[PDB]
């Protein structure tokens, strides 16, 4: 029972007519979909849970359709958003559509027979749809009375100053019609998404009934919350030019103990039995948990590949050990991007001024004392001379020196 398997992983928030859907899944393969709007040049970790759920359905023999919102991205989803978004240009949205489509594709199998994945774009049917056709054929089936009362937009109708445009208010209809289109085009009978999408999904179920006289289903995945109550992202992009593999890997390494097993269930393809054995091992080891290391390895390999995972571990190992000889120029570029705090400095700066400019020390007088106390390392090597100037060999690849005050305060000097 796929729904029950997803429920044990904590991956089912809500499901329409669960018995009928489970009966349909057990009968044979179904086609299902999940949509992703282009609001940026990359997806982030928030988008990964439903994307990986498409794969989980596919591994059970179902056919996933990954829709990218070429049209909906020109409108903007208001669902549980406190503020009206500015409209994006057609040129920017198209550039983002191509990037997202390409980023999504490796997570799904496009070559596994009948249930091979399908890439879809709702601009195909909205780009040539007349406004009177939309208002009459689609709009007549929507009650404004019900629409203004949906949880996703109700808060936006409290104050005019923090209100909602007719553009964003119409979004629900567009996503509604997409479900009817995919049902007609590919026999799609299930739509999945995060729990904020419930109302957009159910409008599609109701419209598919009205337009195509077909019974279709909805299933949502919970939005991730941490046990402490704080917000999940602290955003973590899938694109390495936005969030380096090192920072990505470190984010998972630093997962709280109360979230690590749930995150393994949400973000990995490890069996429930293995995750339960990992939790049990951590419970009776007599040591701190090792699950964070397993979670970091799994998700980093999934998103950034074996090469990305090895680069994340090599940077982590070098930063910890102090020995930087194993680092490449590309590794230092991850560090400069977002790995450790960084500063740009003109070559010839003494150690004292590097400490002040890097904000590792408030003044040169303070810098002098901390150097003399043997609290500073240069590329992991201790340097106790206050009057010290860096040697040309300490500027790695001619432009990198890593300063560390104590055991954990880093600043990468990027020489100009």
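What we label the rigid core is the largest C-alpha set whose atoms superpose within 1.5 Å from one form to the other. Numbering follows the first chain given and starts at 1.
request  = Could you tell me which of the two stretches, 259-267 or 155-163, has its Cα atoms lying farther from the shown structure in 4 other deposited structures of this protein after fitting on the rigid core?
outcome  = Farther from the shown form on average in 4 other deposited structures of this protein: 155-163.
query = Checking the other entries of this protein that model its neighbours, is residue 76 missing in at least a third?
reply = Residue 76: modelled in all of the comparison entries.
key: Other entries lacking residue 305, at least a third   = Across the compared entries, residue 305 is modelled every time.
query = When you step from residue 234 to residue 235 in this entry, do you jump over none, 1 to 3, 4 to 9, or 10 or more residues of the deposited sequence that have no coordinates?
reply = Gap size class: 4 to 9 residues without coordinates, per the record.
Entry-level comparison of average CA B-factors, 390-398 and 21-29, reporting the higher stretch = The deposited B-factors put 390-398 ahead on the C-alpha mean.
query = Out of 200-208 and 303-311, which stretch has the higher average CA B-factor listed in the record?
reply = So the stretch with the higher mean C-alpha B-factor is 303-311.
key: C-alpha B-factor winner, where the candidates are 64, 69, 365, 61   = Spelled out: the listed residue with the top C-alpha B-factor is 365.
query = Out of 376, 34, 43, 52, which one has a C-alpha B factor higher than all the others in the entry?
reply = Highest CA B-factor of the listed options: 376.
task = Just say lowest, middle or highest third for the CA B-factor of residue 102 relative to the other modelled residues in its chain.
result = As the PDB entry reports it, the C-alpha B-factor of residue 102 lands in the lowest third of its chain.
query = With respect to C-alpha B-factor, does residue 111 fall in the lowest, middle or highest third of the chain as deposited?
reply = Middle third of the chain for residue 111's C-alpha B-factor.
ask   = Where does residue 6 sit by CA temperature factor within its chain: lowest, middle or highest third?
value = For residue 6, the deposited C-alpha B-factor lands in the lowest third.
ask   = Which third of the chain does residue 403 land in by C-alpha B-factor: lowest, middle or highest?
value = For residue 403, the deposited C-alpha B-factor lands in the highest third.
request  = Could you look up the Cα B-factor of residue 293 in the entry and say which third of the chain it sits in: lowest, middle or highest?
outcome  = Middle third - that is where residue 293 ends up once the chain's C-alpha B-factors are sorted.
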